[PDB]
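A quick write-up on the structure given underneath.
Residue numbers (the entry's author numbering), protein chains in the order written: chain B, 384 to 757; chain E, 384 to 757.
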C-alpha cells in the first residue's frame with residue numbers, strides 16, 4: 384500500500400507508451416502529471432494498519448471500565464484475536480459471563496481477560512486510600528470515596544493505572560465526557576510541560592484525512608490554551624505519519640472582523656510560531672480557505688499553508704462538536720479515530736456513547752501504542 | 384407540659400401569699416411579673432413533644448435511602464419502638480442484616496420494617512422509565528437513568544414518594560447536600576405558590592429557641608427569594624407553636640451601609656409586609672440587636688420587633704452556614720431539628736453527614752407529621 388506507487392509507475396508507463404508509439408495524447412505538462420499523482424497521495428493516508436502492527440509487537444495492560452457493556456465485549460474478543468492487548472474488564476463478573484454466552488463469544492475469564500469486581504476487591508482499602516489522598520482537598524470525604532469506588536468504574540481504572548497495575552485505560556462508552564474526564568484530570572495529572580488538555584476527533588473527508596480540535600474539553604479555550612492544543616495535535620498527527628498542515632478557523636477571513644474570538648486566534652498564531660517555527664500553520668481563515676487551496680491563494684497567496692489542511696483548530700467547543708457531528712453524517716466514511724485525549728500524563732482516551740466497536744478497538748490500539756513509549 | 388401552667392399558678396400563689404401576709408417582698412407589679420414569666424414560656428418551648436405525639440397517632444411510611452449507614456440503623460430502632468413511622472430502608476439487604484447483628488438492634492426485616500434492594504427490585508423497569516420521563520430533557524439519557532437507580536439511593540426513594548407508594552423521605556446522611564437536593568427538586572417539584580426553596584436549622588440558645596435560614600439552598604439569594612424564604616419560615620414556625628419573631632440580619636444596622644447586600648434586605652422587608660402584614664419583622668439590624676431587646680430599643684424605639692428574635696434571616700448562605708456552624712458548638716444543647724427543607728411539593732428533608740442519631744430521629748418524625756396533611 385505504499386503511496387509512491389502511483390508517483391513512479393504511471394509516468395514511467397506513459398513515457399514508455401509515448402515512445403513505443405501507442406499513445407494518442409502526449410502530455411506536455413509531464414511534470415504536472417507528477418504533481419497530480421501526489422495529490423492522490425496526500426489524501427487517502429493509511430495510518431491505522433501500522434499502529435496495530437506495533438501494538439502486536441508489545442501488548443500492554445488495558446482496563447475497560449464498562450465491562451458489562453456489549454460493545455466493550457465485542458472489542459475485547461477482537462482485541463484478543465488480533466493480539467493487540469490484554470484487556471481487564473471491570474464490572475459484575477456474573478453479568479459479563481452471561482452476556483458473553485448471549486453474544487456467543489469464546490473469550491473466557493482468568494485467561495483471555497481478567498475481571499475486576501467493583502463490589503468485591505481485595506485492594507479495596509488501598510484504592511480508596513489512594514483516591515482519598517488525591518481528592519481530600521477537592522471535596523471528597525472518606526465515606527464518599529469508598530462509595531465512589533463501588534459506584535464509578537472509571538474511578539477504579541484510574542487508580543490502577545497510576546499505581547502501575549494497568550498500563551492504559553479507555554472509558555466513556557457510557558456516560559457524558561466530562562464525568563470521566565474529571566476523574567482523569569485529578570488522578571493522572573497534566574503531562575509535564577503542559578497546563579491544558581484537549582480532545583481531537585478524526586474524520587475522513589474528500590479533502591483527505593482531516594482533524595478537529597478541541598471537541599469535548601474546553602468550552603471557551605484561552606489564547607494560550609489554544610496554542611498548547613495546536614502544538615500537541617501537530618505532534619500527534621506527525622506521530623501517526625501524516626504531515627501536519629494546520630489551520631486556525633474562525634468566522635473572520637484574515638482579519639475581516641476584529642471581535643475578541645477572532646483576535647484570540649491571531650495571538651495564538653504568534654505564540655505558536657515562536658515555540659515551533661517549523662510547523663506549517665496559518666489563520667485566521669474561513670473553513671473553505673483551509674480545505675481548498677484555490678480559495679486560500681485568492682485571499683492571500685503569501686500564506687504559508689499549502690493545500691488542504693489536515694488539522695483544524697476551532698475557536699470554541701461549540702464550533703467543534705457542531706462541525707464534527709454534522710461532517711460525520713456529511714462525509715460517510717469508516718471511523719478512523721475517536722475522541723483523542725491529549726495532555727494527560729498517563730495514556731488515556733475517552734469516547735462518546737455513540738462509538739462503534741471498531742471505534743473502540745482503534746482507540747485501545749492507540750493507547751497501547753502510546754503506552755509503549757514513556 | 385402545658386406552658387400556661389407557670390403563667391397562672393405562680394402569680395395566683397403569689398397573690399394569696401401576700402394576702403396571707405407571709406410574703407417578705409411584695410411584687411407590686413403583677414402585670415410586669417406576668418410579662419416576665421410569659422417570656423420564660425416563650426423562650427423555652429419544647430415544640431417537639433406535640434410533634435412526636437402527633438406522629439404516634441398516625442405513623443406514615445418514610446423512606447431512608449442510606450439504609451446501610453449505622454446512624455440510620457440506630458434511628459430505625461427508636462422509630463419502631465416509639466411507633467413513630469413505618470420505615471422503608473434502601474440498600475444491600477445483606478450488609479444491613481450483618482450490621483444490625485453487630486449493632487444488636489431488635490429490628491427484624493420484613494416484620495418491623497421493610498427493605499428495598501437497590502441492586503434488584505421487581506419495580507425497576509417502571510421506575511427508570513418514570514425517572515427518565517422527568518429527566519429526559521434535563522440531560523439524563525435512558526442508559527444513565529437505569530444506572531442511577533441501581534447506585535443512587537436518593538433517586539429511588541424520590542420516585543416512590545412521587546408515585547404514592549411511600550409517604551415521605553429522609554436522606555442526606557451520606558453525601559453533599561446539593562447532590563440529594565438536585566434529585567429532590569427535579570422529581571417532586573416546587574410547591575405551588577412558591578418559586579424558591581429554603582433550608583432552616585434550629586438551635587436552642589440562651590436567647591431561646593432560634594431558627595436560621597437559608598443555610599444550603601441558595602448561595603446568594605436575591606431580594607424576592609429572601610422574602611419567600613421568610614414567609615415559608617414564618618408559616619413553619621407558627622406550626623411549631625412559637626410565635627414568629629423575624630429579624631433580617633445584615634452587617635448594616637438600619638441603613639449604616641448602602642451597599643447592595645443591605646439594599647436587598649430592605650426591599651424584601653417591604654415585600655414581606657405587603658404580602659402578609661401580620662408578621663412581626665424588622666430589618667436590617669446587627670446580629671446582637673435581634674436578640675438583646677435592650678440594644679434594639681436604643682437604636683430603634685418604635686421597632687415592631689419585641690424581645691429576642693427567633694427567626695434570623697441571612698443575606699447570603701456563607702454568613703448563615705458559618706453562623707449556624709459556629710453556634711452549634713457554642714450552645715451545646717439538644718439537637719432539636721436539623722436542615723428543614725421548605726418549598727418542596729412533597730414532604731422531604733436532607734441532612735448532613737455530621738447529623739446525629741437524635742437529629743435523624745427528630746427529623747423523620749417531623750416528616751411523618753407533615754405527611755398527615757395534604
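For each residue, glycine too, the CB sits at the ideal point set by N, CA and C.
- Any chance you could list the alpha helix (DSSP H) runs of at least 4 consecutive residues sitting entirely within the stretch 529-595 of chain B, in chain order? 536-546 and 560-570
- Query: Does DSSP classify residue 668(B) as helix, strand or coil?
  - Reply: strand
- Item | Paired residues, beta bridge with residue 513(B) - DSSP | Per DSSP, none; premise fails for residue 513(B).
- Item | Limits of the beta strand (DSSP E) - the one that residue 472(B) falls within | 469-473
- Query: In its own chain, which residues sit with a C-beta less than 7 Å from the C-beta of residue 640(E), not counting the 5 before and 5 after it?
  - Reply: 634
- What first and last residue would you give for the alpha helix (DSSP H) that runs through residue 422(E)? 413-426
- Would you decide whether residue 618(E) is buried or exposed? Buried here means 16 or more other CB atoms lie within 10 Å of its CB. With a threshold of 16 other beta carbon atoms within 10 Å, residue 618(E) falls short and is exposed.
- Could you pull the start and end residues of the beta strand (DSSP E) that residue 410(E) belongs to? Under the DSSP assignment, residue 410(E) falls outside any beta strand (DSSP E); it carries neither an H nor an E label.
- Message: For a minimum of 3 consecutive residues, which ranges assigned as the beta strand (DSSP E) are wholly contained in the stretch 627-678 of chain E?
- Response: 628-632 and 663-668
- Message: I'd like to know if residue 562(E) contacts chain B, where contact means its C-beta is closer than 7 Å to some C-beta of that chain.
- Response: Answer no: the Cβ-Cβ gap between residue 562(E) and chain B never drops below 7 Å.
- Task: Under 7 Å between beta-carbons, which chain E residues line up against residue 771(B)? List them in chain order, please.
- Result: This structure cannot settle anything about residue 771(B), because the visible part of chain B is limited to 384 through 757.
- Can you name the residues of chain B whose CB is closer than 7 Å to the CB of residue 478(E)? What residue 478(E) touches in chain B: nothing, since even the nearest Cβ is about 11 Å away.
- Task: Name, please, each residue of chain E whose Cβ falls closer than 7 Å to the Cβ of residue 527(B).
- Result: In chain order: 558.
- Message: So residue 686(E) and residue 667(E) are supposed to be a Cβ contact under 8 Å. How far apart are they, rounded?
- Response: Residue 667(E) and residue 686(E) do not touch by the CB rule: their CB atoms are close to 12 Å apart, not below 8 Å.
- Query: What three-state label does DSSP hand residue 444(E) in the structure shown?
  - Reply: The DSSP-derived three-state label of residue 444(E) is strand.
- Skipping 5 residues on each side, what residues in its chain have a beta carbon closer than 6 Å to that of residue 606(B)? 647, 650 and 651
- Evaluate residue 487(B) with the Cβ neighbour count: other Cβ atoms within 10 Å of its Cβ, from every protein chain shown; 16 or more gives buried, anything less gives exposed. exposed
- Message: Rounded to whole angstroms, what is the Cα-Cα separation between residue 675(B) and residue 497(B)?
- Response: 49 Å
- Message: Assuming residue 754(B) and residue 550(B) are in contact, meaning their beta carbons sit under 8 Å apart, how far apart are those beta carbons, in whole angstroms?
- Response: Correct: roughly 5 Å between the Cβ atoms.
- Query: Alpha carbon to alpha carbon, what distance is there between residue 471(E) and residue 575(E)?
  - Reply: 28 Å
- Element boundaries [beta strand (DSSP E), containing residue 725(E)]: 723-725
- Message: Taking the straight line between their C-alpha atoms, what separation do you get for residue 643(E) and residue 698(E)?
- Response: 10 Å
- Item | the stretch 576-595 of chain E touching the stretch 560-576 of chain B, judged by at least three CB pairs closer than 8 Å | no
- Candidates 412(B), 413(B) and 398(B): closest to residue 406(B) by CA position: 398(B)
- Quick one: measure Cβ to Cβ for residue 722(E) and residue 734(E), integer angstroms, because I've assumed they're closer than 8 Å. 6 Å
- Could you name the residues of the same chain whose beta carbon sits closer than 6 Å to that of residue 744(B), not counting the 5 residues immediately before and after it, in chain order? 458 and 461
- Message: Is there a C-beta anywhere in chain B that falls below 7 Å from the one on residue 739(E)?
- Response: no
- Under 9 Å by beta carbon: chain C residues contacting residue 520(B): The structure shown has no chain C; the protein chains it does contain are B and E.
- Quick one: residues in its chain with C-beta nearer than 6 Å to the C-beta of residue 741(E), no 5 flanking neighbours on either side, listed in chain order? 718
- Between residue 525(B) and the rest of its own chain, which residues show a CB-CB distance below 6 Å, the 5 nearest in sequence each way excluded? Around residue 525(B): 515.
- Starting from the Cα of residue 450(B), find the closest Cα among 434(B), 552(B), 422(B) and 518(B) and give me that residue. 552(B)
- Interfacial residues, the stretch 489-514 of chain B to chain E, with Cβ spacing under 8 Å: Contacts with chain E (Cβ-Cβ distance below 8 Å) from the stretch 489-514 of chain B involve no residue at all.
- Message: DSSP three-state label for residue 738(B), please.
- Response: Per DSSP, reduced to three states, the secondary structure at residue 738(B) is coil, with no helix or strand assignment.
- Query: Taking C-beta to C-beta, are residue 678(B) and residue 671(B) nearer than 7 Å?
  - Reply: yes
- Starting from the C-beta of residue 602(B), find all residues in its chain whose C-beta is less than 7 Å away, skip the five residues before and the five after it, and write them out in chain order. 699 and 700
- Which value, in whole angstroms, describes the spacing of the CA atoms of residue 418(B) and residue 446(B)? 46 Å
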